[PDB]
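Each remark here refers to the structure printed beneath this line.
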Ligand SMILES: [Hg+2]
Ligand SMILES: [Zn+2]
């Protein structure tokens, strides 16, 4: 599977039938049909004790891995029940600034989208989590081209180190709190992972307020390669899935 012509998202249904499932992600966030739910609690992000281990180019994107052996960087409150541990974060970006996000707002596409993956700590491990309807909690953040994000530079500078598929690099003392917007106002709905196995275990939490990154910050993302060393070069661009049919699901707003 990939993002090319012959292995693109339009093909994943053959290998992953759930592709056509009832709670597939990403989806379009219609802000007029969105339902302001007053029973929604405030989000509670606790990343002060976070522990980054490494950055890896897995062939479809780069992931910043974290130590999830203890409740170091957890997610609770909001639409959630119980505590969710951060295990990794990654991005989805476009070939141009007019595309890149997975989720759209009133059909509007952003340059990129950041997903912070957390798993329900009553399931013990991540592998168990992915067997439950409420197993995961992905925190989505939209990225727009504007001023540079200081807090993102460290990431930006290491990409040279992992240009191709299978490469990794030590990547400690990375504080995720610098990738967060000022406001924690969100939208939430029951979906799935936007990439294969496409498991329908995610409680999406897409924040309203986007983060701005510079042109040059984004430009470094587009230098990455899908391909592994010593193969023809396939630039890592447009690693996003088109929005899926809501299919009766309802999108709730905290604002
Ligand atoms: Hg599941
Ligand atoms: Zn993602």
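Quick look at the numbers
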read-out: Identity of the residue in the stretch 90-114, in contact with a strand residue (DSSP E or B) (Cβ under 9 Å, 6 or more places away or on another chain), within 13 Å of residue 219 (Cβ to Cβ) and not in a strand (DSSP E or B), that ends up nearest to ligand 1 (Cβ to nearest atom); value: 100
read-out: Selection count where residues are in a strand (DSSP E or B) and either within 12 Å of ligand 1 (Cβ to nearest atom) or farther than 19 Å from residue 26 by Cα (or both), scope the stretch 125-153; value: 2
read-out: Selection status of residue 117, surrounded by 17 or more Cβ atoms within 10 Å (Cβ to Cβ), within 20 Å of the chain's Cα centre (by Cα) and within 23 Å of residue 213 (Cβ to Cβ); value: yes
read-out: Strands (runs of 3 or more DSSP E) contained in the stretch 154-217 and holding at least 2 residues surrounded by 18 or more Cβ atoms within 10 Å (Cβ to Cβ) and within 16 Å of ligand 1 (Cβ to nearest atom); value: 186-191, 202-207
read-out: Positions within the stretch 89-108 being without any contact (Cβ under 8 Å) to a residue 60 or more places away in the chain and buried (at least 19 other Cβ atoms within 10 Å of the Cβ), in sequence order; value: 90
read-out: Every residue from the stretch 68-80 that is assigned to a loop (DSSP other than H, G, I, E, B) and either touching a strand residue (DSSP E or B) at 6+ places or on another chain (Cβ under 6 Å) or under 26 Å from residue 185 (Cβ atoms) (or both); value: 68, 71, 72, 73, 78, 79, 80
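Okay, residues lined up against (1) under 26 Å from residue 109 (Cβ atoms); (2) within 16 Å of ligand 2 (Cβ to nearest atom); (3) in contact (Cβ under 8 Å) with a residue 40 or more places away in the chain:
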{"site": "128", "(1), (2), (3)": "no, no, no"}
{"site": "131", "(1), (2), (3)": "no, no, yes"}
{"site": "142", "(1), (2), (3)": "yes, yes, yes"}
{"site": "154", "(1), (2), (3)": "no, no, no"}
{"site": "171", "(1), (2), (3)": "no, no, yes"}
{"site": "178", "(1), (2), (3)": "yes, no, no"}
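Computed from the coordinates by the stated procedures, all read-outs in this text should not be read as laboratory data. Note that each Cβ is placed from the backbone with ideal geometry, even for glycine, and that neighbours are counted across all protein chains shown.
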